[PDB]
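S.K.: Read in the deposited numbering, the sequence shown has 625 at position 169, and its numbers run on one by one without any break.
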Amino acid sequence: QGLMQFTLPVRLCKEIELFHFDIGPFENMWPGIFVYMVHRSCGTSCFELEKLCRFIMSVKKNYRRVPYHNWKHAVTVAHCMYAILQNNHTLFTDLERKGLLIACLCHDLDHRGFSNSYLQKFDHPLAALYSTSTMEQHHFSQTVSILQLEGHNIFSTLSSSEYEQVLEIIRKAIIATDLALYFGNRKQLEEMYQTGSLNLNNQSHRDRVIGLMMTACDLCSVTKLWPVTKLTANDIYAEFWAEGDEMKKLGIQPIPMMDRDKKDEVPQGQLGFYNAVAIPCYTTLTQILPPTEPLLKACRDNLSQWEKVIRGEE
Ligand SMILES: c1ccc2c(Cn3nnc4c(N5CCCCC5)ncnc43)cccc2c1
Ligand SMILES: [Mg+2]
Ligand SMILES: [Zn+2]
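1. Short of 8 Å in beta carbon distance, which residues of its chain neighbour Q659, apart from the five on each side in sequence? Order them along the chain.
2. Apart from the five residues just before and just after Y574, which ones in its own chain have a Cβ nearer than 6 Å to its Cβ?
3. Are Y649 and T590 closer than 9 Å when you measure CB to CB?
4. Once you ignore the five residues that flank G488 on each side, which residues in its own chain have a CB closer than 8 Å to its CB?
5. Got a sec: does ligand 3 put a non-hydrogen atom nearer than 8 Å to the Cβ of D701?
6. Near ligand 2, which residues have their beta-carbon closer than 5 Å to a heavy atom?
7. Under the criterion of a Cβ to heavy atom distance below 8 Å, does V733 qualify as lining ligand 1?
8. With hydrogens ignored, establish whether the beta-carbon of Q726 is closer than 8 Å to any heavy atom of ligand 1.
9. From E647 to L727, what distance separates their C-alpha atoms?
10. Distance check for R627 and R756, CA to CA, integer angstroms please.
11. Let me make sure I understand the geometry here. Which of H661, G768 and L582 has the alpha-carbon closest to that of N641?
12. Any chance the CB of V533 is under 8 Å from a heavy atom of ligand 3?
13. Contact defined as beta carbons within less than 8 Å: I believe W486 pairs with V531. What is the distance between those atoms, to the nearest angstrom?
14. Quick check: does the Cβ of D674 come within less than 8 Å of any heavy atom belonging to ligand 3?
15. Provide the residue span of the alpha helix (DSSP H) that contains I631, from first to last.
16. Just verifying my parser: in three-state terms, what is the DSSP assignment at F462?
17. Does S501 come out as helix, strand or coil in the three-state DSSP assignment?
18. In the DSSP assignment, find the alpha helix (DSSP H) that holds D663 and state where it starts and stops.
19. When burial is assigned at 16 or more other CB atoms within 10 Å of the CB, is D634 buried or exposed?
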């Protein structure tokens with residue numbers, strides 16, 4: 457029917473509302489977690505259940521078994537968007553609620569565990585098709601593909617216009633997950649906020665703010681309980697070191713972040729990353745959207761955990 461509420465066990469029903477929720481090690485629970493979130497974030501109405509499930513499963517099929525950029529990441533990034541949307545209920549459009557959780561689930565579709573840099577140095581065909589934001593244009597493209605499979609059009613109820621608006625929100629959202637673009641995006645959002653020019657009625661300004669949300673969900677492994685934060689950092693380094701290995705195979709010394717012989721330098725690299733990227737992201741995000749403050753506090757706690765690791769205090 458449409459009298460078919462999804463529900464979660466008590467500890468999950470309560471903790472899922474919190475920014476620092478971990479979706480856990482039971483792969484088979486993640487789909488239902490996503491639907492739960494769509495239904496609460498959007499409504500039981502916004503998507504035909506049978507179509508949703510078929511889409512979610514095809515998206516899952518199209519994530520690979522890489523250590524980090526995998527289906528678990530997909531659903532983790534959707535959950536942080538869910539927490540932001542639920543703490544800023546009245547700021548977002550009907551179309552924005554629909555399209556943003558879907559953008560997040562799709563945002564790393566068919567990722568191979570290599571940076572856009574590697575694609576470019578290897579001379580991968582995707583580098584020729586898409587010169588900038590290489591994987592990000594691929595992920596958008598794979599999303600549109602899965603939307604076009606029979607029985608997969610979860611947007612079928614929208615008007616011709618709604619449809620192009622929602623697919624334009626997803627495309628920008630997914631493009632924004634390219635961290636090379638984050639720096640300029642946040643610097644402009646910072647000056648807009650501080651000269652008071654920021655105006656959520658300017659589509660151009662919304663666009664930037666959704667981009668920043670996108671970066672903030674994407675990095676949300678820096679906002680978890682220390683033991684999640686630490687064990688997730690291992691997964692991302694396993695991709696970085698394999699890429700370092702492949703750079704070496706093309707005859708290129710990798711940066712030390714990616715050199716698995718320079719493992720000692722992880723803790724100081726996380727510091728640099730928290731200082732250069734994460735802290736500034738969640739800072740500007742908290743200024744624009746005050747109820748997202750717990751992501752900043754959690755990030756700062758984790759920074760301080762990484763300083764303890766350097767000081768040999770663990
Ligand atoms: C720009 C890009 C990377 C930089 C790095 C590399 N670095 N380290 N961690 C990450 C990362 N995750 C988020 C997920 C969990 C752990 C951190 N996502 C992307 N790049 C990362 C170090 C210093 C400055 C940087 C500037
Ligand atoms: Mg990505
Ligand atoms: Zn991602």
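Ideal Cβ positions, reconstructed from N, Cα and C, are used throughout, including at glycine.
M.R.: Let me lay it out:
1. On the sequence shown, position 203 is the one that residue 659 refers to. Excluding sequence neighbours, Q659 sits near nothing in its chain.
2. Position 118 of the sequence shown, counting from 1, holds the residue named residue 574. For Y574, where only same-chain residues beyond five positions count, the Cβ hits under 6 Å are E699.
3. The residue given as residue 649 occupies position 193 in the sequence shown. The residue given as residue 590 occupies position 134 in the sequence shown. Taking 9 Å as the cut-off, the beta carbon of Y649 is found no closer than this to the beta carbon of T590.
4. Translated into positions along the sequence shown, residue 488 becomes position 32. Closer than 8 Å at Cβ, skipping near neighbours: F462 and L464.
5. Counted from its first residue, the sequence shown places residue 701 at position 245. No.
6. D564 and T633
7. On the sequence shown, residue 733 is found 277 positions in, with the first residue counted as 1. Flag set: Cβ of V733 near ligand 1.
8. If you number the sequence shown from 1, residue 726 lands on position 270. True, at least one ligand heavy atom lies under 8 Å from that Cβ.
9. Position 191 of the sequence shown, counted from the start, is the residue given in the question as residue 647. Position 271 of the sequence shown, counted from the start, is the residue given in the question as residue 727. Cα to Cα, the separation comes out at about 25 Å.
10. Taking the sequence shown and counting its residues from 1, one reaches residue 756 at position 300. Taking the sequence shown and counting its residues from 1, one reaches residue 627 at position 171. Using only the alpha carbons, I get a separation of about 31 Å.
11. Your numbering for residue 641 matches position 185 in the sequence shown. The residue among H661, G768 and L582 with its C-alpha nearest the C-alpha of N641 is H661.
12. What you label residue 533 is simply residue 77 of the sequence shown in a count that begins at 1. Within the cutoff, so yes.
13. The sequence position of residue 486 within the sequence shown is 30, counting from 1. The sequence position of residue 531 within the sequence shown is 75, counting from 1. Yes, they are in contact, since the Cβ atoms of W486 and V531 sit about 4 Å apart, within 8 Å.
14. One-based indexing of the sequence shown puts residue 674 at position 218. Yes; taking the cut-off as 8 Å, the Cβ of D674 has a heavy atom of ligand 3 nearer than that.
15. Stepping through the sequence shown from its first residue, residue 631 is reached at position 175. Counting along the chain, the alpha helix (DSSP H) containing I631 begins and ends at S616 to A632.
16. Taking the first residue of the sequence shown as 1, we reach residue 462 at position 6. It is coil, neither helix nor strand.
17. Counting from 1 along the sequence shown, the entry for residue 501 is found at position 45. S501 falls in the coil class under three-state DSSP.
18. One-based indexing of the sequence shown puts residue 663 at position 207. From DSSP, the alpha helix (DSSP H) with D663 extends over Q659 to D674.
19. Indexing the sequence shown from 1 puts residue 634 at position 178. It counts as buried.
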